[PDB]
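Okay, so here's just one chain, in structure tokens, the form deposited in one PDB entry.
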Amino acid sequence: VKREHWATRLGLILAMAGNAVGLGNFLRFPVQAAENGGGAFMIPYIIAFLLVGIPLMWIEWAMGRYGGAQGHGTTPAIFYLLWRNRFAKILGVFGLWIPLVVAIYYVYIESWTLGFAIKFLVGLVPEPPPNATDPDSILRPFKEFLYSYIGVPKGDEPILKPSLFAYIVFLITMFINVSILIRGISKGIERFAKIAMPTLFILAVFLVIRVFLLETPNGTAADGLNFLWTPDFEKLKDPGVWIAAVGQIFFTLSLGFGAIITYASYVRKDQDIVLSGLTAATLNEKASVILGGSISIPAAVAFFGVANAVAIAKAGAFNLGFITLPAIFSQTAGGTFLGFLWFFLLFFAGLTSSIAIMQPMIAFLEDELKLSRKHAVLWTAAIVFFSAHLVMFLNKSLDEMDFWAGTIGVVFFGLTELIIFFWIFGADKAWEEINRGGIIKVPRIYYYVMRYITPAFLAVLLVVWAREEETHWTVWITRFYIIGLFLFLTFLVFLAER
């Protein structure tokens, strides 16, 4: 049984870390953190990591490597292997659907960063003057820059209008993903991680350091880190703090996307996954809390003050990353260069991720329909590139996909993979597989944390918010399409049966 396998431990680890350490860590985490009060977030975030992130990851690595040894890297096949049943194959489809759909808006956002980076380099960006009473006059220019890039509706009709440059950069971005994926796990995804992850780190640290030195009449970067890392044991009982948290742990760690599983399916039948997994997870938590957390917020707080901060977070993940930060940098020395690094950092962080959520579909086509990698890769590119047109042109199409696939879906799927592995398959058999070949071993306690805690924890979540009715008629367009994708992925699964 061929199937590719990680060339080297480090190569593996870094690919996996690149799987997780994406636009989420940098655009999304900062916003979640400052939205809920800041110090109210960092704690539930860490716990959820210990109580959900870790347990769930070891599980995915385990299911991935387990299936890998039998020729299967995706969840319709894997779910069925562990749990012989028809309903297994059907639920397994979400491990193709979620990545596919997320990939469909992700690579587009990823392409923005590239486009800004190019324009910053060449200095085709706005360079507003110094204003000490018209902050509006510094944001406005940057605000108009993004809106013109993506074609934000100026009237009403929920219709976007990408620039030719935005569209063309999307093509380039897709091409780059293909050029990487079309080389496979080691000679492609792995080769790229070894180059990209270090690069990403240095850019990240540099910006972290450089942002730390930020200081204006309105505050200091220091004040932002304080706001993030100074606890508030009050709220911490209001559990919207544990919804944002547990939920963020999924996206940030790429859990419930079928992706960790697919990558793990390349790991040799007897290679360690206990230490490797733990290492990668940790790199991710570092990249988020230290790196991601210490750039945009501390910078915004430095320029706007700590109160005008929670409001900026509430403004959304795109305002901060694509409007506010660039506006801030434009007021600091050599700030045009600071924007470039930022967007190049985001780009490489996006790229190491997008290739991860495109692999499940590619792996399925090779494993189950027996396509050549070239074909498996190009058809997946076609489906993603084609489908992304809905995201580029239809207002709030992105929000809708992000919600169903990227927010709800991952959690339900997280809970589902756990139940199939640690309950249906056999908690004991699962615990052994997870520990087999372990350079280190899983602290026993965890066995009880995945067989009862983790699943309970998730059940409570899915129950709480689920406790609690219209919306633009256009959401139904996006909902129609992605439901269509499911019907279609299900059909393909049905065809792989003979």
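The first residue of the shown sequence is 1; numbering continues from there.
- Count the deposited residues lacking coordinates between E468 and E469 and you get 4 to 9 of them.
- The deposited model assigns a higher average Cα B-factor to 80-88 than to the other stretch when 314-322 and 80-88 are compared.
- As listed in the deposited structure, the average C-alpha B-factor of 250-258 and of 237-245 is greater for 237-245.
- Looking at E157, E400, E110, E144, the one whose CA carries the top B-factor in the deposited record is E157.
- Taking the PDB entry at face value, the top CA B factor among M63, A33, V52, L461 belongs to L461.
- Sorting the modelled residues of the chain by their CA temperature factor places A309 in the highest third.
- Split the chain's modelled residues into thirds by C-alpha temperature factor. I59 is in the middle one.
- Ranked within its chain, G38 lands in the highest third, by CA B factor from the PDB record.
- Looking at the C-alpha B-factors along this chain, the one for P44 belongs to the highest third.
- Per-chain ranking of the deposited C-alpha B factor places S186 in the middle third.
Just so you know, the form solved in complex with a partner chain exists too; it's not on screen, but the next bit is about it.
- Residue contact check for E433: one or more of its heavy atoms lie within 4.5 Å of the partner chain in the deposited complex.
- Contact annotation: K161 falls outside 4.5 Å of the partner chain in the deposited complex, judged by heavy atom distances.
- In the deposited complex, none of the heavy atoms of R444 sits within 4.5 Å of a heavy atom of the partner chain.
- Mapping the unseen interface onto this chain, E285 falls outside it, with no heavy atom inside 4.5 Å of the partner chain in the deposited complex.
- With the partner chain omitted here, the record of contacts in the deposited complex names 270-278 of 270-278, 300-308, 352-360, 213-221, defined by a heavy atom within 4.5 Å.
- The three marked residues, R9, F425 and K429, each reach the partner chain in the deposited complex, with a heavy atom inside 4.5 Å.
- Checking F41, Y66, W58, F26 for any heavy atom within 4.5 Å of the partner chain in the deposited complex turns up a single hit: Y66.
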